[PDB]
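Report on one structure; see the data block that follows.
Read the numbers this way: they start at 1 and go in the same order the structure lists the ligands and their atoms. To find a chain, count down the sequence lines: A is the first, B the second, and so on, and within it residues start at 1.
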Amino acid sequence: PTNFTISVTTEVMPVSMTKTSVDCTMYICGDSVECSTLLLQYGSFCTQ
Amino acid sequence: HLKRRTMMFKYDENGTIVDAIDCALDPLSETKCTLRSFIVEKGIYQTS
Ligand SMILES: *[C@@H]1O[C@H](CO)[C@@H](O)[C@H](O)[C@H]1NC(C)=O
Ligand SMILES: *[C@@H]1O[C@H](CO)[C@@H](O)[C@H](O)[C@H]1NC(C)=O
């Protein structure tokens, strides 16, 4: 080669995604007290 | 007067209840309740 080109190119890399948390008692039940109980048997899964 | 609440009971080695806490009294008791423990390490904790 007798010449050259100075090339600037982009590389797009994702680094982080959106952090999220879930209230099970709010998702599984709207505000039902009757659903808040009988959800106590599934509390270990929601802590997981 | 009693109210409908969730509470965490600690049983000792002999089977007697010692040092209960009342969940949904303050958020510290709530994260004690969701951790199934009475010792809470330093950090940020999501509650309901
Ligand atoms: C190299 O390329 C540049 C850009 O086209 C030009 O200005 C320059 O004269 C070239 N050099 C040679 C030695 O051909
Ligand atoms: C359990 O009972 C034994 C025998 O009375 C006693 O020595 C021991 O301290 C008790 N353990 C407790 C209170 O954690």
Side-chain angles (χ1 to χ4, degrees):
Chain A
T2 62
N3 214 356
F4 43 81
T5 314
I6 303 300
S7 159
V8 172
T9 50
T10 66
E11 171 161 28
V12 186
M13 314 213 47
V15 171
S16 65
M17 56 178 242
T18 76
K19 315 153 65 192
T20 167
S21 77
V22 166
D23 197 346
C24 285
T25 313
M26 192 138 294
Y27 182 79
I28 304 177
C29 327
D31 279 312
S32 159
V33 191
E34 305 97 334
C35 179
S36 279
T37 182
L38 330 171
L39 200 46
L40 294 199
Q41 289 86 328
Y42 305 88
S44 178
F45 305 99
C46 276
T47 52
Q48 202 188 17
Chain B
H1 288 88
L2 316 176
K3 298 215 294 182
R4 165 145 289 241
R5 334 182 60 83
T6 314
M7 270 186 22
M8 197 182 34
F9 301 93
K10 174 197 268 187
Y11 293 76
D12 62 345
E13 50 172 4
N14 289 332
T16 83
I17 287 181
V18 280
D19 193 12
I21 70 101
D22 174 33
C23 325
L25 158 83
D26 39 47
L28 178 63
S29 301
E30 183 178 356
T31 176
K32 277 167 171 185
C33 215
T34 202
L35 254 50
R36 291 305 200 280
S37 78
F38 294 82
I39 319 291
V40 169
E41 313 290 328
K42 187 190 57 185
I44 180 92
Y45 299 92
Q46 309 287 132
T47 41
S48 59

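- The closest side-chain heavy-atom distance from B/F38 to B/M8 is below 4.5 Å.
- For ligand 1, the 4.0 Å heavy-atom shell takes in A/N3, ordered by chain and residue number.
- Close approach of ligand 2 to B/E13 is summarised as follows: ligand atoms under 4.0 Å from at least one heavy atom of the residue are 10 (C), 11 (N), 12 (C), 14 (O).
- Proximity to B/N14 (heavy-atom distance under 4.0 Å) selects the following atoms of ligand 2: 1 (C), 2 (O), 3 (C), 8 (C), 10 (C), 11 (N), 12 (C), 13 (C).
- Shown here are the salt bridge (charged side-chain N to carboxylate O under 4.0 Å, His left out) partners of B/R36, two or more places apart in sequence or in another chain: there are none.
- Taking a 6.0 Å sphere around CG of A/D31, one finds it holds 12 or fewer heavy atoms contributed by other residues, nucleotides or ligands.
- Remark: B/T6 OG1 to B/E30 CD distance equals 9.5 Å, nearest 0.5 Å.
- Scanning all heavy atoms of the two residues, the minimum distance from B/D22 to B/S29 falls at O-CB, 3.3 Å.
- The CD1 atom of A/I28 sits 9.0 Å away from atom OH of A/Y42, with the distance rounded to the nearest 0.5 Å.
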- request: Start with the C-alpha distance between B/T47 and B/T34, add both sets of side-chain angles, then the distance that settles side-chain contact (heavy atoms from CB on, under 4.5 Å), and finish with yes or no.
  value: CA-CA 8 Å; B/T47 41; B/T34 202; 5.8 Å; no

